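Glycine gets a Cβ as well: all are built from the backbone with ideal geometry, and neighbour counts include every protein chain shown. Laboratory data are not the source of any read-out in this text; all were calculated from the coordinates shown.
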Amino acid sequence: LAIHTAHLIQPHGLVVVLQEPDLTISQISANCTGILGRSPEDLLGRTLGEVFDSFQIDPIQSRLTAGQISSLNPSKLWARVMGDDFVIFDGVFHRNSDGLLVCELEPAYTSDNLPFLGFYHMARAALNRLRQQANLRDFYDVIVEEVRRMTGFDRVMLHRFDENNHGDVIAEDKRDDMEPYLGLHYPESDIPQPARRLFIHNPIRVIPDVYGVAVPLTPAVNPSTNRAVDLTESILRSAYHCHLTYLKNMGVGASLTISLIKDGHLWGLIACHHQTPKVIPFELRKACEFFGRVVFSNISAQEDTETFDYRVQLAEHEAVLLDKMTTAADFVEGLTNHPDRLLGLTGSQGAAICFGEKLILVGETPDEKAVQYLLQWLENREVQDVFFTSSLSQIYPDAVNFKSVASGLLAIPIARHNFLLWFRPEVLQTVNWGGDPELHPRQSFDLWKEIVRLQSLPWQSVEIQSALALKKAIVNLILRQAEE
Amino acid sequence: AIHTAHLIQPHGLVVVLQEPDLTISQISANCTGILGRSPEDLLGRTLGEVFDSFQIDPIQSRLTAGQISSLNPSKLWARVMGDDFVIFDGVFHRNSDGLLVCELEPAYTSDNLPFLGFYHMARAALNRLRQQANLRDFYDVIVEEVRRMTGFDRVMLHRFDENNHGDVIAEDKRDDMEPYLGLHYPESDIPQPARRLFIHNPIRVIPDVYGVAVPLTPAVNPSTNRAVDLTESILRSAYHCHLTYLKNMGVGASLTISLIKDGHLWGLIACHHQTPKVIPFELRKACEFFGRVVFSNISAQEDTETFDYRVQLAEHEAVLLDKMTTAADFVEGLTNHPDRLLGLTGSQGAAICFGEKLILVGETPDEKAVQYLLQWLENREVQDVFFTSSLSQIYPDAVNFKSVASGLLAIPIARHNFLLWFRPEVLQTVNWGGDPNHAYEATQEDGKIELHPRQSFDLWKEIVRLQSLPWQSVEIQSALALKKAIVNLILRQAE
Ligand SMILES: *[C@H](C)[C@H]1/C(=C/c2[nH]c(/C=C3N=C(/C=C4\NC(=O)C(CC)=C4C)C(C)=C\3CCC(=O)O)c(CCC(=O)O)c2C)NC(=O)[C@@H]1C
Ligand SMILES: *[C@H](C)[C@H]1/C(=C/c2[nH]c(/C=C3N=C(/C=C4\NC(=O)C(CC)=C4C)C(C)=C\3CCC(=O)O)c(CCC(=O)O)c2C)NC(=O)[C@@H]1C
C-alpha cells in the first residue's frame, strides 16, 4: 500500500510555500485546518502577514529574496487560534531544490523551564566527564549515558560503521526493562547510501511521532513547477514507511538521530528511541547539533590515539621479531619461537613460513595439504609486492572449505617460491549479539551474518606495511648472511 | 619564487627511471662524489646494476602505485671504485608529470629500524596530553615531548590565525638559544605554494641548510623535454630566500610537520638544529603518524574550548535577558550587569544610546568621538547589524581611538537608538618585544634586518595596525539575540 514516493510532512508542523514576488501562500500542508483552525482553501492565496494575526512576520517585499532568508531563519511567528490562545511557532525558511521559497512551522512553547541553558550546562559537564575517561569503552559508555540524561530518551545508542559501511552498536544506555541492542551488527543496506549522504546536509533526524499520519501539501503540485515540492531541506520531511515499520515493530514511538560526520563522510550515529512520542524543540535541536560536533571531535581524537597505539604494538612485534630472527641460527627458527609476536605483527590468528623446501604452520591454519595447494596457486598468480584479501573464498574457491580458519589471507613472496602467509578466520567475535531469531533487528543481524560469511576482518594498512617491513628485513638479513 | 629551479639537497641522490626498462634517464650531479661513479657512467644503467639490488622484474607497463608503495623504503647497497661499500634508503614516487623518481639517502645499516623508542615515548606523550587541563599546558607539552622524542635543539608550535599569519604558540629550546615564542610572522613568510604543498607532502626535511644544491644531468627530462618536478621529492632543495632566513636564524638543520584540518593547514611543528641532523624515512613515517594524532587531540581541545565559549555566551545571553526585563528600564538592567554585557560579544567596551541618553561601559572612546560615530552609523542606515574587524579602514576618524575601538559591532535601534561593542587593536594581547624597547633600528634603515624574525614581526605589526580581533559567528548571533529581545521589549512596553 504505502508508496515509496512519499515526500509528505510529519503532521505536527506546517509547511507553506510562498509565491514570489507576491509573498502569498501557493501551497500549504493539509494539517493547517487542525493546527491553525483555518482551512487550506482559506489560507491559500494569503500573505504570511495576514495569516499571523500579530502580523508578526514583516517580510520586506522583493522581486526575489536572496540570503535575506538567513536573517529570517530564526523566526518565532505566532497567531491566535482558539479562544485567543495565540499559538506560537518556530519558523524556518529554505529554498527548495526546485527553487521555491518554503517555510516550516513547528509549534513552540517555553513550558520546559531551563529548556536550553540547562542542556548546555549538562553538555559541557558531559564533555569534562568524557575527556577524563581512560578507556575508550568507558568513553563511549559515557557519551550515551550523558546524552540519555540530557535528552531523556528511553534509549540512546552509539552506532559506528564498519569498513564496509555496515553497522555496529558500540555503546548503549536504555531502560532496565528494554531489550539490549548492544553489539548488534546490522547491514549497510538498513541505512541506504542516500539517507547517509543526506545526513551531511541534514545532521539531525527527528521523528517525534512514529505513528503520526503524514500529510501532503494542497495543492500537491506547485503551480509554477507543475511538479511536487522537494522536502530534502525540511525537518518535517516524513520518513519512508520502510523505516517506520522497522521502528514500529521495534516498539518505538519517537526517534532522534545525530549524525557523526568526519571530513564529510558519515562515521556513525547517536540513535535515540522513545516508546512514547516525544518532541524536541528547535532550541534543543540546535544545541544537539552543536553538541554532537564536539562529541564527535573527541571521539575521533580517542579513536585516532588508540589506532596509533596499534602502530606502537605492531612496532613492538616488529622489533622483537627483528631481534630474535637474527639471534637464532635459522632466521625462520627465530620467527617460529615467538609466534605470539609473528601473528601479532599483522593482527592475524595464524601464519605459514615456506622457505626453500621447508614449510612451518603457526597458530590456526588449514591442513598442510590445503596450504601447499594454496602456495602453489600463489606462485601461479606471480604476485609482485603482496597479496591480501578480506575474503579469500571469493578468489580461490577451494578456500570455502577452510573459511573458518582462512577466510582472510595476506601473503608476501620472500622469493620466487619462498612465501610468508597470515590467516584470519571468518568473523567469530560476533558472539557479542544474542543472534536471537520480519524486518526487525534480529533479522538485520542474521542478514549481516550472511554477508560476513566467507569473510574475515579487513586488512588494515598498518598491518600490511608492518608485514612488508618484515619481508624486506628478512631479504636483507639473508643477503648480509651470504655476504657474511 | 616563481622560477622554481628544481635542485637537490646534496646529501642524497635523485634518479629518474625510464619505463618500462627502469634505466636511469637522469641523475643528480652529486652522484660522482657520492657513488664514486660519474653521471656519464651511470646514465643509461638500470638501478639494479648500480646498487646490486633486485631490479624489479621489468613491469608489463609501468610500476603501479601498489608496486611503488610496497618498494618504499628499500635498502640498496653497492661496492664502488675504491672498496667503497655504501648503503642507501631508496624511495620511489611518480611525479605530477607521471615520470618515475627514486631518491637515495645514505643510511647507516642495511637492516630496518622500527623506531620503538620513539613510539614508546609517543604513546606516553599522548597520555600526558590527554591529562592536561589548560590548552596552554596542552600545547606546551606537545613541543616538550616532541623535542624529547626528536632531540632537536629547538621545537616550536606554529598556529595560523584567520588570515594565516603565524603565531608561535609554544616552544621548547636550549636554554641559551634565542626565544621565538609569541613571534607573529606575516602569512607571506610561508607562500601559498608551500602551504598548499603541505597537504600532499606533510613533512619537510632540510638536514643541511648550508648544503650547496645540485641539479640533475641532463637537466631536461627526455620524455617531457621539460625539467623535472621535484615537488614530490624529500630531497627537493628549498629556495634560497628561506635558507637565508634559516641561516641568519642560526639553523643547521630543519624539520617541519604539517598540521592539517579538513584539508586546510592549521599549523606546524617547526624543528631546528644548530648542527646538521638527518631524519630517515622510518622516523619521518613515525613522525607523520604522530603529528596526525597529536593534531587530532589539538582539534579536540580547540573544539571543546570553542564550544565552552558558546555556553558562556549563552549564560550571558540568559542573565541579560532576565535582568533586562526585571529592572523597570531595560537599559538599567544592562548597565547593572556590564560584565555580562561586554561578555556577550567578548568585547572590552560598549555604548548604549537610547532616545537622548547615552551610556559608556568599559573601555570606549571619549563621548565626543562616540557621538560623532553614532551620527555616522545613522548615515550608514544599518539594516540588520554592523560589525568590522578594522573600523579605521572605513571610518577614518577612528584612527584616533584605534587603541580602544579598532573593532566595532553595532546594532541599530529605530529612533536613532543604538547598541555598540568596542574592541581594541591587538597590540597588547601580544608583546613579544623582539626589538629592544624602542630599538633605533629605523636609524640606519638599510633593511639590515632583511630576512630576520624581527623583520617578520615588524612586518606583521604593520599589517595588524588599526585592527581588532575578528568577530566570531557565535558572538554576532548572541548580539542579534539581544537585538530581537530589545525590539520585543519596546513592543511590550506599550504604556
Ligand atoms: C527499506 C526497504 C530499508 C530501510 C530504509 C531506510 N532506513 C532509514 C533510516 C535509518 N535506519 C536506521 C536503522 C536502525 N536504527 C536503529 O535504532 C536500529 C537498531 C539498533 C537500526 C538497525 C537508522 C539509525 C536510520 C536513520 C536514523 C533515524 O532514526 O532517522 C531510512 C531514512 C528515513 C528518513 O527519511 O530519514 C530509510 C529510507 N530500512 C530498513 O530497515 C530497510 C532495509
Ligand atoms: C622569500 C622571498 C620569502 C620566503 C619564502 C619561503 N618560505 C618557505 C618556507 C618556510 N618559511 C618558514 C618560516 C619560518 N620558520 C621559522 O622557524 C620561523 C621563525 C619562528 C619562520 C618565520 C617556514 C616554517 C617554512 C616551512 C617549513 C620548513 O622549514 O620547510 C618556503 C618553502 C621552501 C621549500 O621549498 O620547502 C619559501 C619559498 N620566506 C621568507 O622569509 C621570504 C619572505
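For chain B, what is the charge dipole size about the Cα centre, in debye to the nearest 20, if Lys and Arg each add +1 at the Cβ and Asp and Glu each add -1 at the Cβ?
On the way: 43 positive and 63 negative charges, 116 e Å.
That gives a dipole near 560 debye.
All Cα-Cα distances of the stretch B:13-107, cut into 10 Å bins from zero to the largest, leave 16, 55, 25, 3 percent in each bin in turn.
Hey, could you get me the Stokes-Einstein D for the stretch A:328-483, Kirkwood radius over alpha-carbon pairs, 20 °C and 1.002 mPa s, rounded to whole µm² s⁻¹? Numbers along the way, then the final one.
Values: Rh = 16.6 Å.
The calculation lands on 129 µm²/s.
Loop only per DSSP, at most 12 neighbouring Cβ atoms within 10 Å: give me the GluC sites (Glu not before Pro) in the stretch A:325-428, ordered by residue number. Don't skip to the answer; put the middle values down first.
Values: sites: A:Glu333, A:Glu357, A:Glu364, A:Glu368, A:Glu379, A:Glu382, A:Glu426; in loops: A:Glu357, A:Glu364, A:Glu382, A:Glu426.
Hits after loop and neighbour filter: A:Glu357, A:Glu382.
Nearest 20 debye, what's the magnitude of the dipole of the stretch A:14-107 about its Cα centre given +1 on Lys and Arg Cβ and -1 on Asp and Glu Cβ?
Working: 6 positive and 13 negative charges, 37 e Å.
Computed charge dipole of the stretch A:14-107: roughly 180 debye.
Cross-linked pairs B:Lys277/B:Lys461; A:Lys262/B:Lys247; A:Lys286/B:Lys285; A:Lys248/A:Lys286; B:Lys323/B:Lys357: Cα-Cα separations exceed 31 Å for B:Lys277/B:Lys461; A:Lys262/B:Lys247; A:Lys286/B:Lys285.
Cross-link partners for A:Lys278 among the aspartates and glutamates, with Cα-Cα distance under 14 Å and sequence neighbours closer than 8 places in the same chain left out: A:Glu106, A:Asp112, A:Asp154, A:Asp209. In this Cβ point-charge picture (+1 for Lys and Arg, -1 for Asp and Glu), the protein assembly as shown has a dipole of about 540 debye about its Cα centre.
How large is the Kirkwood hydrodynamic radius of the stretch B:387-460, counting all unique pairs of alpha carbons, in Å? Spell out each step's value before the answer.
Details: mean 1/r = 0.0665 Å⁻¹.
Across the stretch B:387-460, the inverse of the average 1/r is 15.0 Å.
Listed values for the stretch A:205-215 are Karplus-derived 3J(HN,Hα) couplings in whole Hz (6.51 cos²θ - 1.76 cosθ + 1.60, θ = phi - 60°), namely 10, 10, 10, x, 10, 6, 8, x, 7, 6, 10, and x replaces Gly and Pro. Both the radius of gyration and Dmax for the stretch A:137-252 are 17.1, 55 Å, in that order, over alpha-carbon atoms.
Over all pairs of different C-alpha atoms, the stretch A:257-384 has a mean inverse distance whose reciprocal, the Kirkwood radius, equals 19.4 Å. The number of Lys pairs in the stretch A:328-483 with C-alpha atoms less than 19 Å apart, excluding pairs fewer than 8 positions apart on the same chain, is 4. Cα-based radius of gyration for the stretch A:246-313, normalised by 2.2 N^0.38 Å, reads 1.44.
Given an 8 Å cut-off on Cα distances and at least 6 residues of separation, report the relative contact order of the stretch B:35-155 as a percent. Mind showing how you got there, number by number?
Working: 114 pairs, mean separation 17.2, N = 121.
Reported as a whole number, the value is 14 percent.
When the Cα positions of B:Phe92, B:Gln67, B:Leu104 are compared along the charge dipole of the stretch B:13-107, B:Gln67 comes out farthest toward the positive end, with charges on each C-beta of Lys, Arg, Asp and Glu. According to the Cα-based calculation, Rg over Rh for the stretch B:186-295 is 0.98, with Rh computed by the Kirkwood formula.
Secondary-structure-derived ellipticity at 222 nm for chain B, considering helices only, amounts to -11000 deg cm²/dmol, per-run term -39500 (n - 2.57) for DSSP H runs with n ≥ 4. Taking label points 7 Å from Cα along the Cα-to-Cβ direction, A:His201 and A:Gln61 give a separation of 3.3 nm. The mean count of C-beta atoms from other chains within 10 Å of the C-beta of residues in B:301-309, rounded to a whole number, is 5. Using only alpha carbons, the stretch A:80-142 has a radius of gyration to Kirkwood radius ratio (Rg to Rh) of 1.25.
Radius of gyration (Cα atoms) of the stretch B:88-195, expressed as a multiple of 2.2 N^0.38 Å: 1.40. For the protein assembly as shown, with equal point scatterers placed on the C-alpha atoms only and solvent neglected, what are the log10 I(q)/I(0) values from the Debye formula at q = 0.06, 0.07, 0.08 1/Å, to two decimals? One equal scatterer on each Cα of the protein assembly as shown leads to -0.59, -0.80, -1.01. Classification of the stretch B:316-356 by its C-alpha gyration tensor yields an oblate form. The axis ratio a/c (a ≥ b ≥ c) is 1.5 or more, and b/c is at least a/b. Scattering from chain A was approximated by placing one identical point on each alpha carbon and applying the Debye formula without solvent; log10 I(q)/I(0) at 0.13 1/Å stands at -1.18.
The value given for the stretch A:417-484 is a Kirkwood hydrodynamic radius of 15.7 Å, derived from the mean inverse Cα-Cα separation.
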